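Comments concern the structure below.
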Amino acid sequence: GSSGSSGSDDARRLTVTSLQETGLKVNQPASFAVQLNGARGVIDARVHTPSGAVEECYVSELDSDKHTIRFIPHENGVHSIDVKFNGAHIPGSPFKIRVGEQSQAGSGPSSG
């Protein structure tokens, strides 16, 4: 296979930005967009509760060459987002998301 490009996995092209690593609270609607960057397939989203129950997410059909995920953290802690692509785990998943920020005291942006 000298000629041609390197074929490993298109899932590696999948990325996530909208998602907020830190800031998501409990009982709050958390949704983001999963960019393919050329990839074309199906995106399966599934969150794992810290208790021991496999929860499900909401991912409508492919639109504008992109997918939208929607799920609410029934409990606190760092959930595990299972993101797969045409039978291929994306680089970085499961995406660890911290649910529940601790109100900390510290100077703000207000210039002094």
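Residues are referred to by chain and number: the chain letter is A, B, ... according to the order shown in the structure tokens, the number counts from 1 in that chain, and ligands are numbered separately from 1 in the order shown.
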
Find the residues around region 102-108 of chain A up to 12 Å (only C-alpha atoms counted), leave out those fewer than 4 positions away in its own chain, and share them as a count of residues only. 8

Residue neighbourhood residue 11 (chain A), 8 Å, only C-alpha atoms, exclusion window fewer than 2 positions, as a list in words: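 My list of contacting residues is residues 9, 13, 14, 36, 39, 84, 85, 86, 88, 89, 90 and 91 of chain A.
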
Dump as a PDB file, in the first residue's frame, selection limited to N, CA and C atoms:
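Produced file result19.pdb, reproduced below:
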```pdb
ATOM      1  N   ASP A   9      -8.608   5.433  10.887  1.00  0.00           N
ATOM      2  CA  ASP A   9      -9.948   5.625  11.428  1.00  0.00           C
ATOM      3  C   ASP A   9     -10.404   7.070  11.254  1.00  0.00           C
ATOM      4  N   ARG A  13     -11.085  12.123  13.537  1.00  0.00           N
ATOM      5  CA  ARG A  13     -11.408  13.452  13.032  1.00  0.00           C
ATOM      6  C   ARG A  13     -12.502  14.103  13.873  1.00  0.00           C
ATOM      7  N   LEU A  14     -13.274  13.278  14.571  1.00  0.00           N
ATOM      8  CA  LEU A  14     -14.356  13.773  15.415  1.00  0.00           C
ATOM      9  C   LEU A  14     -13.808  14.586  16.582  1.00  0.00           C
ATOM     10  N   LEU A  36     -17.416  16.450  12.804  1.00  0.00           N
ATOM     11  CA  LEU A  36     -16.837  15.277  12.157  1.00  0.00           C
ATOM     12  C   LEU A  36     -15.543  15.635  11.434  1.00  0.00           C
ATOM     13  N   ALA A  39     -15.500  13.329   8.508  1.00  0.00           N
ATOM     14  CA  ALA A  39     -16.041  12.010   8.813  1.00  0.00           C
ATOM     15  C   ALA A  39     -17.527  11.935   8.480  1.00  0.00           C
ATOM     16  N   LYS A  84     -19.008   6.843  20.183  1.00  0.00           N
ATOM     17  CA  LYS A  84     -18.470   5.929  19.181  1.00  0.00           C
ATOM     18  C   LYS A  84     -18.836   6.389  17.773  1.00  0.00           C
ATOM     19  N   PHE A  85     -18.054   5.953  16.791  1.00  0.00           N
ATOM     20  CA  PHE A  85     -18.297   6.320  15.401  1.00  0.00           C
ATOM     21  C   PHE A  85     -18.114   5.115  14.482  1.00  0.00           C
ATOM     22  N   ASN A  86     -19.191   4.725  13.808  1.00  0.00           N
ATOM     23  CA  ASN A  86     -19.152   3.586  12.897  1.00  0.00           C
ATOM     24  C   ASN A  86     -18.254   2.482  13.445  1.00  0.00           C
ATOM     25  N   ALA A  88     -16.031   2.623  16.135  1.00  0.00           N
ATOM     26  CA  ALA A  88     -14.684   3.125  16.376  1.00  0.00           C
ATOM     27  C   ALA A  88     -14.681   4.186  17.471  1.00  0.00           C
ATOM     28  N   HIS A  89     -14.037   3.872  18.591  1.00  0.00           N
ATOM     29  CA  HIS A  89     -13.961   4.799  19.715  1.00  0.00           C
ATOM     30  C   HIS A  89     -13.091   6.004  19.367  1.00  0.00           C
ATOM     31  N   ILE A  90     -13.646   7.199  19.543  1.00  0.00           N
ATOM     32  CA  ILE A  90     -12.919   8.428  19.248  1.00  0.00           C
ATOM     33  C   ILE A  90     -11.804   8.664  20.260  1.00  0.00           C
ATOM     34  N   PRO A  91     -10.739   9.349  19.818  1.00  0.00           N
ATOM     35  CA  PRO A  91      -9.587   9.659  20.670  1.00  0.00           C
ATOM     36  C   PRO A  91      -9.922  10.684  21.748  1.00  0.00           C
TER      37      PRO A  91
END
```

Identify, on the basis of only C-alpha atoms, every residue whose closest approach to residue 67 (chain A) does not exceed 8 Å; exclude the query and any residue fewer than 6 positions from it along the same chain; express the result as a list in words.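 Final neighbour list, sorted by chain and number: residues 33, 34, 35, 43, 59, 60 and 61 of chain A.
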
Could you save those same residues with C-alpha atoms as a tab-separated table (two decimals), in the first residue's frame?
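And here is the file that came out, selection_7.tsv:
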```tsv
chain	number	residue	atom	x	y	z
A	33	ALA	CA	-22.23	19.56	18.96
A	34	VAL	CA	-19.90	16.85	17.66
A	35	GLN	CA	-17.88	17.96	14.64
A	43	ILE	CA	-22.70	9.09	16.57
A	59	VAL	CA	-28.95	12.34	19.29
A	60	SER	CA	-31.21	13.31	16.39
A	61	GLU	CA	-30.49	12.23	12.82
```

Between CA of residue 87 (chain A) and CA of residue 71 (chain A), what is the distance in Å, rounded to a tenth? 21.7 Å

Output as a VMD selection string all residues of region 5-108 of chain A that backbone DSSP marks as strand (DSSP E or B). chain A and resid 15 to 16 22 30 to 35 43 to 48 54 58 to 59 63 66 to 71 77 to 85 89 91 93 95 to 99

Export N, CA and C atoms of the chosen residues as a compact mmCIF listing (two decimals), in the first residue's frame?
```
# COMPACT_ATOMS: atom_id res chain seq x y z
N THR A 15 -14.42 15.74 16.83
CA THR A 15 -13.99 16.61 17.92
C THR A 15 -15.19 17.23 18.63
N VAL A 16 -14.95 17.79 19.81
CA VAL A 16 -16.01 18.41 20.59
C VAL A 16 -15.51 19.68 21.28
N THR A 22 -15.79 21.89 32.55
CA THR A 22 -16.15 22.27 33.91
C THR A 22 -17.17 23.41 33.91
N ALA A 30 -27.58 19.55 29.51
CA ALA A 30 -26.28 19.70 28.88
C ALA A 30 -26.29 19.15 27.45
N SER A 31 -26.06 20.03 26.48
CA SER A 31 -26.04 19.63 25.08
C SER A 31 -24.89 20.30 24.34
N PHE A 32 -24.31 19.57 23.38
CA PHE A 32 -23.20 20.09 22.60
C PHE A 32 -23.21 19.52 21.19
N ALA A 33 -22.32 20.02 20.34
CA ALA A 33 -22.23 19.56 18.96
C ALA A 33 -20.95 18.77 18.73
N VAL A 34 -21.05 17.68 17.96
CA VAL A 34 -19.90 16.85 17.66
C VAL A 34 -19.47 17.00 16.21
N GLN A 35 -18.39 17.74 15.99
CA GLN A 35 -17.88 17.96 14.64
C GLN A 35 -17.22 16.70 14.09
N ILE A 43 -23.26 8.76 15.26
CA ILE A 43 -22.70 9.09 16.57
C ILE A 43 -23.60 8.60 17.70
N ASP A 44 -23.08 7.68 18.50
CA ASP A 44 -23.83 7.13 19.62
C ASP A 44 -23.36 7.72 20.95
N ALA A 45 -24.28 8.32 21.69
CA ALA A 45 -23.95 8.92 22.97
C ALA A 45 -24.61 8.16 24.12
N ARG A 46 -23.83 7.88 25.16
CA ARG A 46 -24.33 7.16 26.32
C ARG A 46 -23.56 7.54 27.58
N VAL A 47 -24.28 8.04 28.58
CA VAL A 47 -23.65 8.44 29.84
C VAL A 47 -23.72 7.31 30.87
N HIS A 48 -22.71 7.25 31.73
CA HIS A 48 -22.65 6.22 32.76
C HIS A 48 -22.73 6.85 34.15
N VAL A 54 -26.66 2.18 33.20
CA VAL A 54 -26.32 2.70 31.89
C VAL A 54 -27.43 3.59 31.35
N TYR A 58 -29.65 11.76 23.86
CA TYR A 58 -30.52 12.12 22.75
C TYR A 58 -29.71 12.68 21.58
N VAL A 59 -29.68 11.93 20.48
CA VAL A 59 -28.95 12.34 19.29
C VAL A 59 -29.80 12.20 18.04
N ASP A 63 -27.59 16.07 10.70
CA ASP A 63 -28.05 17.34 10.14
C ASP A 63 -26.88 18.29 9.92
N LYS A 66 -23.46 17.22 10.93
CA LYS A 66 -23.14 17.33 12.35
C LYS A 66 -24.20 16.64 13.20
N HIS A 67 -23.87 16.41 14.47
CA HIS A 67 -24.79 15.75 15.39
C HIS A 67 -24.88 16.52 16.71
N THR A 68 -26.07 16.52 17.30
CA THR A 68 -26.29 17.21 18.56
C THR A 68 -26.68 16.24 19.67
N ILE A 69 -26.02 16.37 20.82
CA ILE A 69 -26.30 15.50 21.96
C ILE A 69 -27.00 16.26 23.08
N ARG A 70 -27.92 15.58 23.76
CA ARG A 70 -28.66 16.19 24.85
C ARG A 70 -28.89 15.19 25.98
N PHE A 71 -28.42 15.53 27.18
CA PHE A 71 -28.58 14.66 28.33
C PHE A 71 -28.43 15.45 29.63
N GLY A 77 -20.96 14.29 40.19
CA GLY A 77 -19.76 13.51 39.91
C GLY A 77 -19.35 13.58 38.45
N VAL A 78 -18.27 12.89 38.11
CA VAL A 78 -17.77 12.87 36.74
C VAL A 78 -18.35 11.69 35.97
N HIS A 79 -19.26 11.99 35.05
CA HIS A 79 -19.90 10.96 34.23
C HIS A 79 -19.00 10.56 33.07
N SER A 80 -19.30 9.41 32.46
CA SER A 80 -18.51 8.91 31.34
C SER A 80 -19.33 8.93 30.05
N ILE A 81 -18.97 9.82 29.13
CA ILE A 81 -19.67 9.93 27.86
C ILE A 81 -19.10 8.96 26.83
N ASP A 82 -19.90 7.97 26.46
CA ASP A 82 -19.47 6.97 25.48
C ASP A 82 -19.78 7.45 24.06
N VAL A 83 -18.75 7.95 23.37
CA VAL A 83 -18.91 8.43 22.01
C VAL A 83 -18.22 7.51 21.01
N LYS A 84 -19.01 6.84 20.18
CA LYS A 84 -18.47 5.93 19.18
C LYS A 84 -18.84 6.39 17.77
N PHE A 85 -18.05 5.95 16.79
CA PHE A 85 -18.30 6.32 15.40
C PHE A 85 -18.11 5.12 14.48
N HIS A 89 -14.04 3.87 18.59
CA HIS A 89 -13.96 4.80 19.71
C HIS A 89 -13.09 6.00 19.37
N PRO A 91 -10.74 9.35 19.82
CA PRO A 91 -9.59 9.66 20.67
C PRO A 91 -9.92 10.68 21.75
N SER A 93 -12.39 9.75 24.30
CA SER A 93 -13.56 9.21 24.97
C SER A 93 -13.20 7.99 25.81
N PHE A 95 -15.46 10.99 27.35
CA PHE A 95 -15.16 12.35 27.77
C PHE A 95 -15.60 12.58 29.22
N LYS A 96 -14.63 12.80 30.10
CA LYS A 96 -14.91 13.04 31.51
C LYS A 96 -15.43 14.46 31.73
N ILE A 97 -16.67 14.56 32.19
CA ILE A 97 -17.28 15.86 32.45
C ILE A 97 -17.61 16.03 33.93
N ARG A 98 -17.08 17.09 34.53
CA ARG A 98 -17.32 17.37 35.94
C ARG A 98 -18.69 18.02 36.14
N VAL A 99 -19.57 17.31 36.85
CA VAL A 99 -20.91 17.82 37.11
C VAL A 99 -21.04 18.28 38.56
```

Here is a test: counting only C-alpha atoms, which residue of A:29, A:7, A:38, A:92 is nearest to residue 65 (chain A)? A:38

Point-to-point distance from CA of residue 94 (chain A) to CA of residue 5 (chain A), Å rounded to tenths: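 These atoms are spaced 27.9 Å apart.
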
To one decimal place in Å, what is the distance between CA of residue 49 (chain A) and CA of residue 100 (chain A)?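 Straight-line distance from CA of residue 49 (chain A) to CA of residue 100 (chain A) works out to 14.0 Å.
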
Which of A:75, A:10, A:28, A:56 sits closest to residue 42 (chain A) [using only C-alpha atoms]: A:10

Give the helix (DSSP H, G or I) residues of chain A, as assigned by DSSP on the backbone, as a list in words.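 For chain A, the helix (DSSP H, G or I) set is residues 10, 11, 12 and 13 of chain A.
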
How would the residues just chosen look if you wrote them out with N, CA, C and O atoms as a compact mmCIF listing (two decimals), in the first residue's frame?
```txt
# COMPACT_ATOMS: atom_id res chain seq x y z
N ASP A 10 -11.63 7.24 10.78
CA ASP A 10 -12.19 8.58 10.57
C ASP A 10 -12.67 9.18 11.88
O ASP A 10 -12.88 10.39 11.98
N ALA A 11 -12.85 8.33 12.89
CA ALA A 11 -13.30 8.78 14.20
C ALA A 11 -12.32 9.77 14.81
O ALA A 11 -12.72 10.65 15.58
N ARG A 12 -11.05 9.62 14.47
CA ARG A 12 -10.01 10.51 14.99
C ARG A 12 -10.26 11.95 14.57
O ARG A 12 -9.72 12.88 15.16
N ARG A 13 -11.09 12.12 13.54
CA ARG A 13 -11.41 13.45 13.03
C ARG A 13 -12.50 14.10 13.87
O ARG A 13 -12.64 15.33 13.89
```
